[PDB]
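coords_23.cif follows (mmCIF, C-alpha atoms; chains and numbers go by the auth columns):
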```cif
data_model
#
loop_
_atom_site.group_PDB
_atom_site.id
_atom_site.type_symbol
_atom_site.label_atom_id
_atom_site.label_comp_id
_atom_site.label_asym_id
_atom_site.label_seq_id
_atom_site.Cartn_x
_atom_site.Cartn_y
_atom_site.Cartn_z
_atom_site.B_iso_or_equiv
_atom_site.auth_seq_id
_atom_site.auth_asym_id
ATOM 1 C CA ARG A 1 -8.430 150.981 -10.335 0.00 214 A
ATOM 2 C CA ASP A 2 -7.387 154.516 -11.363 0.00 215 A
ATOM 3 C CA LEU A 3 -4.004 156.149 -10.803 0.00 216 A
ATOM 4 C CA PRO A 4 -3.104 157.123 -7.219 0.00 217 A
ATOM 5 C CA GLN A 5 -2.965 160.645 -5.808 0.00 218 A
ATOM 6 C CA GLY A 6 0.609 161.798 -5.324 0.00 219 A
ATOM 7 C CA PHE A 7 3.834 163.187 -6.729 0.00 220 A
ATOM 8 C CA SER A 8 6.944 161.218 -7.690 0.00 221 A
ATOM 9 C CA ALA A 9 9.729 162.256 -10.048 0.00 222 A
ATOM 10 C CA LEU A 10 11.319 159.857 -12.535 0.00 223 A
ATOM 11 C CA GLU A 11 15.106 159.281 -12.667 0.00 224 A
ATOM 12 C CA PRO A 12 16.974 158.526 -15.906 0.00 225 A
ATOM 13 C CA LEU A 13 17.832 154.932 -16.774 0.00 226 A
ATOM 14 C CA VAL A 14 19.709 154.833 -20.087 0.00 227 A
ATOM 15 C CA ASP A 15 20.487 156.941 -23.147 0.00 228 A
ATOM 16 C CA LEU A 16 21.331 155.275 -26.448 0.00 229 A
ATOM 17 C CA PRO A 17 23.113 156.849 -29.449 0.00 230 A
ATOM 18 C CA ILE A 18 21.317 154.619 -31.953 0.00 231 A
ATOM 19 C CA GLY A 19 20.004 157.475 -34.069 0.00 232 A
ATOM 20 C CA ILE A 20 17.223 155.558 -35.834 0.00 233 A
ATOM 21 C CA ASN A 21 13.832 157.119 -36.568 0.00 234 A
ATOM 22 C CA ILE A 22 10.872 156.098 -34.393 0.00 235 A
ATOM 23 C CA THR A 23 7.249 156.839 -35.298 0.00 236 A
ATOM 24 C CA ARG A 24 5.147 153.859 -34.122 0.00 237 A
ATOM 25 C CA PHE A 25 4.757 151.944 -30.869 0.00 238 A
ATOM 26 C CA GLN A 26 3.440 148.536 -29.767 0.00 239 A
ATOM 27 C CA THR A 27 3.594 146.433 -26.608 0.00 240 A
ATOM 28 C CA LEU A 28 4.203 142.809 -25.620 0.00 241 A
ATOM 29 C CA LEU A 29 2.302 140.736 -23.053 0.00 242 A
ATOM 30 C CA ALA A 30 1.917 137.094 -21.971 0.00 243 A
ATOM 31 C CA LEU A 31 -0.333 134.654 -23.856 0.00 244 A
ATOM 32 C CA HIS A 32 -0.944 131.602 -21.671 0.00 245 A
ATOM 33 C CA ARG A 33 -1.187 128.171 -23.304 0.00 246 A
ATOM 34 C CA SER A 34 -2.354 125.156 -21.295 0.00 247 A
ATOM 35 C CA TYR A 35 -5.070 122.495 -21.288 0.00 248 A
ATOM 36 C CA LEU A 36 -7.777 125.174 -21.006 0.00 249 A
ATOM 37 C CA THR A 37 -7.022 126.803 -24.384 0.00 250 A
ATOM 38 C CA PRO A 38 -5.091 124.439 -26.676 0.00 251 A
ATOM 39 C CA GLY A 39 -3.876 125.037 -30.213 0.00 252 A
ATOM 40 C CA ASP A 40 -1.935 127.695 -32.072 0.00 253 A
ATOM 41 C CA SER A 41 -1.796 131.461 -31.558 0.00 254 A
ATOM 42 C CA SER A 42 -5.265 131.742 -33.120 0.00 255 A
ATOM 43 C CA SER A 43 -7.284 129.737 -30.583 0.00 256 A
ATOM 44 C CA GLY A 44 -5.222 128.761 -27.544 0.00 257 A
ATOM 45 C CA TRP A 45 -4.700 131.938 -25.514 0.00 258 A
ATOM 46 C CA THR A 46 -6.076 133.727 -22.448 0.00 259 A
ATOM 47 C CA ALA A 47 -5.360 137.376 -21.718 0.00 260 A
ATOM 48 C CA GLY A 48 -4.530 137.959 -18.056 0.00 261 A
ATOM 49 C CA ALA A 49 -5.410 141.163 -16.205 0.00 262 A
ATOM 50 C CA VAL B 1 42.952 146.655 -43.207 0.00 512 B
ATOM 51 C CA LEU B 2 41.204 148.875 -40.644 0.00 513 B
ATOM 52 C CA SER B 3 39.020 151.413 -42.465 0.00 514 B
ATOM 53 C CA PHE B 4 36.777 154.207 -41.198 0.00 515 B
ATOM 54 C CA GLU B 5 33.445 155.499 -42.496 0.00 516 B
ATOM 55 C CA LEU B 6 32.384 159.126 -42.969 0.00 517 B
ATOM 56 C CA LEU B 7 28.757 160.287 -43.068 0.00 518 B
ATOM 57 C CA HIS B 8 26.234 162.472 -41.222 0.00 519 B
ATOM 58 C CA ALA B 9 25.628 159.869 -38.505 0.00 520 B
ATOM 59 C CA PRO B 10 26.279 160.896 -34.877 0.00 521 B
ATOM 60 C CA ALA B 11 29.572 160.188 -33.168 0.00 522 B
ATOM 61 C CA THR B 12 30.433 157.060 -31.193 0.00 523 B
ATOM 62 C CA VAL B 13 33.297 155.578 -29.167 0.00 524 B
ATOM 63 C CA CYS B 14 36.828 156.884 -29.693 0.00 525 B
ATOM 64 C CA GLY B 15 40.370 156.209 -28.513 0.00 526 B
ATOM 65 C CA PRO B 16 40.271 161.355 -24.666 0.00 527 B
ATOM 66 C CA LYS B 17 41.267 159.429 -21.513 0.00 528 B
ATOM 67 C CA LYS B 18 43.198 162.505 -20.387 0.00 529 B
ATOM 68 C CA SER B 19 44.396 161.351 -16.962 0.00 530 B
ATOM 69 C CA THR B 20 45.982 163.710 -14.443 0.00 531 B
ATOM 70 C CA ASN B 21 46.146 163.481 -10.674 0.00 532 B
ATOM 71 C CA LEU B 22 44.049 165.595 -8.306 0.00 533 B
ATOM 72 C CA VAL B 23 45.476 168.481 -6.266 0.00 534 B
ATOM 73 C CA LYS B 24 43.371 170.075 -3.532 0.00 535 B
ATOM 74 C CA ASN B 25 43.528 173.275 -1.472 0.00 536 B
ATOM 75 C CA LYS B 26 45.372 175.185 -4.217 0.00 537 B
ATOM 76 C CA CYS B 27 44.362 177.667 -6.917 0.00 538 B
ATOM 77 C CA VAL B 28 44.443 175.448 -10.008 0.00 539 B
ATOM 78 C CA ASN B 29 43.047 175.531 -13.550 0.00 540 B
ATOM 79 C CA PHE B 30 40.730 172.527 -13.842 0.00 541 B
ATOM 80 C CA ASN B 31 38.908 170.840 -16.729 0.00 542 B
ATOM 81 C CA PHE B 32 36.475 168.062 -15.801 0.00 543 B
ATOM 82 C CA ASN B 33 34.394 165.926 -18.189 0.00 544 B
ATOM 83 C CA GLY B 34 33.001 168.869 -20.140 0.00 545 B
ATOM 84 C CA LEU B 35 33.140 171.839 -17.767 0.00 546 B
ATOM 85 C CA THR B 36 36.253 173.972 -17.287 0.00 547 B
ATOM 86 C CA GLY B 37 37.276 176.677 -14.862 0.00 548 B
ATOM 87 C CA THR B 38 39.741 177.824 -12.235 0.00 549 B
ATOM 88 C CA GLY B 39 39.628 177.816 -8.462 0.00 550 B
ATOM 89 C CA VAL B 40 40.475 175.849 -5.344 0.00 551 B
ATOM 90 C CA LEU B 41 39.096 172.333 -4.902 0.00 552 B
ATOM 91 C CA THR B 42 38.331 170.958 -1.447 0.00 553 B
ATOM 92 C CA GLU B 43 36.197 168.318 0.282 0.00 554 B
ATOM 93 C CA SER B 44 32.468 168.763 0.852 0.00 555 B
ATOM 94 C CA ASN B 45 29.793 167.262 3.087 0.00 556 B
ATOM 95 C CA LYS B 46 27.074 167.737 0.449 0.00 557 B
ATOM 96 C CA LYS B 47 25.403 164.565 -0.824 0.00 558 B
ATOM 97 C CA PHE B 48 24.362 164.186 -4.452 0.00 559 B
ATOM 98 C CA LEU B 49 21.954 161.681 -5.979 0.00 560 B
ATOM 99 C CA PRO B 50 23.650 158.778 -7.780 0.00 561 B
#
```
Would you mind writing the file out in structure tokens?
Amino acid sequence: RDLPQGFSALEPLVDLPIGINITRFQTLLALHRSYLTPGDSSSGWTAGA
Amino acid sequence: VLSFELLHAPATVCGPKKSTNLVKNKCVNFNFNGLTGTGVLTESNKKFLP
């Protein structure tokens, strides 16, 4: 738990000339489906740490 | 028909590709990707980051 104590700089990966406007933000994770939680997206899903 | 579009959008790919060989150890007028100048070009033992 909690972020470590140290310094580390971040290198560039990619620049894109798309030029669209961005104002919001949302993220995607994994929703397990198995015998434990069956059904659709409304009932059959566990989170995962 | 190959047609172009004109608007305020930023630029994109094109057709420079200015290719000229490399001469070293001489006073030459050079123009790299975007930076220009004059001087003598030689070999260095300095290491950049990729």
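Residues matching the PyMOL selection byres ((chain A) within 12 of (chain B)) in this structure come to residues 224, 225, 226, 229, 230, 231, 232 and 233 of chain A.
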Output C-alpha atoms for every residue in the selection just made, as a short mmCIF file (atom, residue, chain, number, x, y, z; two decimals), in the frame of the given file.
```
data_model
loop_
_atom_site.label_atom_id
_atom_site.label_comp_id
_atom_site.auth_asym_id
_atom_site.auth_seq_id
_atom_site.Cartn_x
_atom_site.Cartn_y
_atom_site.Cartn_z
CA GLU A 224 15.11 159.28 -12.67
CA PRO A 225 16.97 158.53 -15.91
CA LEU A 226 17.83 154.93 -16.77
CA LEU A 229 21.33 155.28 -26.45
CA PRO A 230 23.11 156.85 -29.45
CA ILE A 231 21.32 154.62 -31.95
CA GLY A 232 20.00 157.48 -34.07
CA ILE A 233 17.22 155.56 -35.83
#
```
Exercise. Which value, in Å to one decimal, gives the distance between CA of residue 254 (chain A) and CA of residue 214 (chain A)?
Worked result: 29.6 Å
Exercise. Do you know which residues are at most 9 Å from residue 534 (chain B) counting only C-alpha atoms, after dropping those on the same chain fewer than 3 positions away, and could you put them as a ChimeraX atom specification?
Worked result: /B:537,539,551-553
Problem set entry | Shell of 6 Å around region 237-249 of chain A, only C-alpha atoms, local chain residues under 3 positions omitted, as a ChimeraX atom specification | /A:257-259
Write out the residues from the selection above, keeping C-alpha atoms, as a PDB file, in the coordinates of the input.
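Now in again_7.pdb:
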```
ATOM      1  CA  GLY A 257      -5.222 128.761 -27.544  1.00  0.00           C
ATOM      2  CA  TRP A 258      -4.700 131.938 -25.514  1.00  0.00           C
ATOM      3  CA  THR A 259      -6.076 133.727 -22.448  1.00  0.00           C
TER       4      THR A 259
END
```
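Reported to one decimal place, the separation of CA of residue 513 (chain B) from CA of residue 228 (chain A) is 28.3 Å.
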For this session: Quick one: everything within 12 Å of residue 542 (chain B), counting only C-alpha atoms, minus sequence neighbours fewer than 5 positions away in the same chain. Send it as number ranges by chain.
Result: B: 529-533, 547-550, 552
Using only C-alpha atoms, please write the residues we just selected to a file, as a PDB file, in the frame of the given file.
```
ATOM      1  CA  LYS B 529      43.198 162.505 -20.387  1.00  0.00           C
ATOM      2  CA  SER B 530      44.396 161.351 -16.962  1.00  0.00           C
ATOM      3  CA  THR B 531      45.982 163.710 -14.443  1.00  0.00           C
ATOM      4  CA  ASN B 532      46.146 163.481 -10.674  1.00  0.00           C
ATOM      5  CA  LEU B 533      44.049 165.595  -8.306  1.00  0.00           C
ATOM      6  CA  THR B 547      36.253 173.972 -17.287  1.00  0.00           C
ATOM      7  CA  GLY B 548      37.276 176.677 -14.862  1.00  0.00           C
ATOM      8  CA  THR B 549      39.741 177.824 -12.235  1.00  0.00           C
ATOM      9  CA  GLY B 550      39.628 177.816  -8.462  1.00  0.00           C
ATOM     10  CA  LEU B 552      39.096 172.333  -4.902  1.00  0.00           C
TER      11      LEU B 552
END
```
For this session: Could you tell me how far CA of residue 538 (chain B) lies from CA of residue 555 (chain B), in Å and to one decimal?
Result: 16.8 Å
Draw an axis-aligned box tight on the listed atoms of region 238-248 of chain A, then pad every side by 8 Å and write out centre and edge lengths in Å to one decimal as AutoDock Vina command-line options.
```
--center_x -0.2 --center_y 137.2 --center_z -26.1 --size_x 25.8 --size_y 45.4 --size_z 25.6
```
